[PDB]
Amino acid sequence: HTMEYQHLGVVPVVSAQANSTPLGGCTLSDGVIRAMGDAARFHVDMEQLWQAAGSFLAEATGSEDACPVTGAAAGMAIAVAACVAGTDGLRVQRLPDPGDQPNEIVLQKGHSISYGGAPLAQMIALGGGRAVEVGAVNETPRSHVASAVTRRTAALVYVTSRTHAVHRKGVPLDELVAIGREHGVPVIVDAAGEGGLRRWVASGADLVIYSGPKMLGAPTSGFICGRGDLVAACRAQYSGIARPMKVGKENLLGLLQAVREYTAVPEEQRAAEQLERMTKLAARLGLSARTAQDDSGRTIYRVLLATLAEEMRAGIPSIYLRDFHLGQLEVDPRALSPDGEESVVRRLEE
Amino acid sequence: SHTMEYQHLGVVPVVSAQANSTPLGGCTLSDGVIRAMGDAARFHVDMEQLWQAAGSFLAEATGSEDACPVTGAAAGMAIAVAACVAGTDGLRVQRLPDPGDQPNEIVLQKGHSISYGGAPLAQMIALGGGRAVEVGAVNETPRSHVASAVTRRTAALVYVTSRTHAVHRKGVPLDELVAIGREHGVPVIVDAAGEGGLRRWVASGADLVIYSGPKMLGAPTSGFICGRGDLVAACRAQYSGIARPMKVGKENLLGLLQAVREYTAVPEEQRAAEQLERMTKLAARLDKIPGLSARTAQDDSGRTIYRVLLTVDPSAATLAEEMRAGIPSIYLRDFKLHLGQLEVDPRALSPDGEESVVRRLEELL
Amino acid sequence: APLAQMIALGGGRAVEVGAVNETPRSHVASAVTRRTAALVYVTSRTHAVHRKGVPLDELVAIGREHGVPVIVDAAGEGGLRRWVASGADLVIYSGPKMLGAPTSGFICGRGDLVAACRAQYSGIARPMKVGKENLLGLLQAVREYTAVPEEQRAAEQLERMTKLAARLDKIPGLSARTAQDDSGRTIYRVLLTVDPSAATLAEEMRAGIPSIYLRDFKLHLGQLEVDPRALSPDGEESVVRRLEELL
């Protein structure tokens, strides 16, 4: 028979911590799987595919254009390269050496996150930029970011995630946009796991970065959308530092099909079905189990429950819970199958 | 509820008579490979566990100590270089492309300074924290020159096997680079992207060998680095660093494993025999066209690949542009346009693709 | 001695653009700045590589746009006019290669830059002495070269190799055929196919009583080539006699 996980000794795991990269991202629907199989059967003009894919994702996000990438980590490096080197093919070939181009990338200290143990500054460095962090972890004044922009500044960076980044007393996105529009400096937004496809582009940001597997139900993929001239600069880096960040034709069609399925389901029906499933789940679960919405203010509902964390990950159905400061644990339903939901209750009884 | 297809985007499939080119989407996949990608998409797995299991699989097929999947040969060069520069130290991995205090000079022959679809090999070296030190000239590189360039600041030697993209005229063969690497304790990195042999390149003693999936193995966008167990471990560590944006989906990896499983079941003597008879019959059908002279030609570099060399005499350059602009877009191998010739490569040419070449050529002569 | 070394002797610094298998036109144009003194182009398809590169006429157009001269290495070219006709400012020929001259050569092209070449004989060209005997030999060699049409030199060479290829194909184990130059030039050689060691056969030819040097550019393909450009009629018989005495 054809190769499967069982032939490798790899046992499937249960994910109660959403679509994390160390677990393979997300599982794909039948429609996305069909789209990847149909794409694998033909040769196509990949430049013609990227243009059509850009137009599709542009309409989905209300932006001028879009450029597919492998994911948000690549999207940041490529967006930085686009702002530093532009479309000039020689400068594309020279990166990460910026030559004489402005390459300072300004961000709040509280947004100095890491991509699975890889610093955001490393992605900035891969695109030829030099990260310039301003302010402190607990506070960054607006004027400090404004005073950081000089003739050497290539772009500003903002991280939306309230899970990885600190936003207390920092600089919100609208103030960064006004700063970028004041100095004529692009604003790059890392919206890797955001469910909103339009609100981040609507803020005026020049480039917005989305990760495919996190919320959109796509395979390993992603895209950068925003201003047309800068998106063209993003595509130009595939002759440079983005060339090893290879996006296959199968992954790209899977991402487009996943966006089609994601935009068809109303966001109001996604929360009600998720709350009713988690409210009933909190009743089935000693132990203090309750239903709690996202503490950062999102339409995501989990079950608010250290030694038990290591125990659930080692059972016959390896269950990975959400461990985001001791206190209590969380059960994220974004990647929880109906079988995986009953498997959680069956193992927790032990 | 119709799924997304190429036609929905306005993209029409093309006919490749120039093998599995990246700009044309790599290669088409068999039903078995397609099935493997779909099955891998239906479960979450420990990706660290999957990378170990896949590593042992690819190491066995290539006869090496271990292997590390990658997105392709371009990523494989950057990761292999990073492995020799930063090693397994997590902070060092996080700080690339800055090499810090580690030796980072990467020695290669001038003739091997190629580019991966625009992106030079020296650029991939720089992404991995290295600095390219090119020795010799395109038409000559003495062995002594390469050995005199290896110092305490040298992190790796690089060798490129492709006789299509690189140049080997009066250069330094692989076995001599291995001997130089062994004398100085410097690893040897081999770009064997489109090689058909899975074992001979590891068998040279090279420490890291790089294969691209879509080229010969019929895999989806993917690849792997195989070789010495300690340096393969250093490759996996780069996925916490410069390899993190070079993501390999679980579907692409399982497709690659199924592609290798199917590739090792068909002997190379059977693939060449069927290809020789398929091009001999195709060359006869084309030679009958008025003005065109077609003959079966073995690969100039010496490989067991057979194409149809088309001799034009009535414009060979204009004929290739006419073939790409037809209703079925057909891409011929125009490496011999300066000689006034074209080539029909079968490596990506379906049986129906052969008829398209004959039909389009007949409708234009 | 690399071309980049010759560049450094002339006070320049080599700026190599692109890759061996590809160099886009835009890359070369973006590398030309106010600090660029010249563009260099090498015609030889034997020693240089031109796969997906920048043709000479495009380098000329780039040079004209930036006011930067173009230097052409046409060392072994047979055409005396076509390379100047491209608009290149300086074109370089080597005497002994095709013109039958003694050790010598010349640079031709734009009058102002040719004058600057002569001035270097008070500088880095002073050790590169050209004897009055070598120069007159070169002039007489060009006089004799321009009197024989290229269509007559090729015809006699084609018939000489066709008859030689037949005499070699009759040798046991050796397959000989007349082959035009792979790069497309009007030069004809005899491609020798060995099947019984092609590498050992060339070493055997160089170690014979008459030392014979074959063209071993196709040793990796298991082939050898008999080039006639320096092969006297008596030299042909030596090749047949030595090959017969070893098969």
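Keep in mind that the numbers below use all heavy atoms, side chains included, and drop hydrogens, waters and symmetry copies. In what follows, every chain begins at residue 1, and chains take the letters A, B, ... in the order their sequences are listed.
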From [X] [atom1] over to [Y] [atom2], what is the distance, rounded to the nearest 0.5 angstrom?
{"X": "C:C108", "Y": "C:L113", "atom1": "SG", "atom2": "CG", "result": "12.0 Å"}
{"X": "C:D181", "Y": "C:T46", "atom1": "CG", "atom2": "OG1", "result": "6.0 Å"}
{"X": "C:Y188", "Y": "C:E225", "atom1": "OH", "atom2": "CD", "result": "14.5 Å"}
{"X": "C:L243", "Y": "C:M205", "atom1": "CG", "atom2": "CE", "result": "4.0 Å"}
{"X": "A:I241", "Y": "B:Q123", "atom1": "CD1", "atom2": "CD", "result": "7.5 Å"}
{"X": "B:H168", "Y": "B:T161", "atom1": "NE2", "atom2": "OG1", "result": "6.5 Å"}

Check: [Y] main-chain N/O paired with [X] side-chain donor or acceptor under 3.5 Å:
{"X": "C:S86", "Y": "C:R82", "result": "no"}
{"X": "C:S211", "Y": "C:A207", "result": "no"}
{"X": "A:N103", "Y": "A:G128", "result": "yes"}
{"X": "C:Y145", "Y": "C:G78", "result": "yes"}

Of the non-hydrogen atoms in [X] and [Y], which two are nearest, and what is the gap between them?
{"X": "B:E134", "Y": "B:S113", "answer": "OE2-OG, 2.7 Å"}
{"X": "B:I125", "Y": "B:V81", "answer": "O-CG1, 3.6 Å"}
{"X": "C:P69", "Y": "C:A37", "answer": "CD-O, 3.2 Å"}
{"X": "B:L127", "Y": "B:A78", "answer": "CB-CB, 4.3 Å"}
{"X": "C:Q157", "Y": "C:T186", "answer": "OE1-O, 4.1 Å"}
{"X": "B:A126", "Y": "A:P96", "answer": "CB-CD, 4.0 Å"}

Charged N-O contact under 4.0 Å between C:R185 and C:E77: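 C:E77 and C:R185: not salt-bridged.
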Carboxylate-amine/guanidinium contact B:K336 B:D300, below 4.0 Å: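 A salt bridge links B:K336 with B:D300.
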Passing option when C:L59 is tested against C:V68, C:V40, C:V54, C:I71 for side-chain contact (heavy atoms from CB on, under 4.5 Å):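 The option that passes is C:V54.
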Test side-chain contact (heavy atoms from CB on, under 4.5 Å) applied to C:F106 and C:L99, step by step: CA-CA 12 Å; C:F106 61 94; C:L99 298 178; 4.1 Å; yes
Residues in side chain to side chain donor-acceptor pair (under 3.5 Å) contact with C:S30, at least two apart in sequence or another chain: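 Listed in chain order: A:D88.
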Working for side-chain contact (heavy atoms from CB on, under 4.5 Å), residues C:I187 and C:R229: CA-CA 9 Å; C:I187 306 179; C:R229 292 172 283 172; 4.0 Å; yes
Sub-4.5 Å side-chain heavy-atom contact between B:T154 and B:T151: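 Of all side-chain heavy-atom pairs linking B:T151 with B:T154, at least one is under 4.5 Å.
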Flag side-chain contact, heavy atom, 4.5 Å: B:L157 against B:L108: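 Not touching, per the 4.5 Å side-chain cut-off.
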Donor + acceptor pair across side chains of B:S115, C:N21 (<3.5 Å):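 Yes, C:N21 and B:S115 have a side-chain donor paired with an acceptor closer than 3.5 Å.
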C:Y213 and C:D227: side chain donor to acceptor below 3.5 Å: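 Absent: no donor and acceptor within the cut-off.
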Criterion side-chain contact (heavy atoms from CB on, under 4.5 Å) on C:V72 and C:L90, from CA distance to verdict: CA-CA 6 Å; C:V72 167; C:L90 299 173; over 6 Å; no
Ring-ring centroid check B:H112 B:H165, cutoff 6.0 Å: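 So the answer is no for these two rings.
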Pairs where residues 112-126 of chain C contributes a residue and the test side-chain hydrogen bond (donor to acceptor under 3.5 Å, both in side chains) is met, not counting sequence neighbours: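 Residue pairs with at least one partner in residues 112-126 of chain C: C:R110-C:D112.
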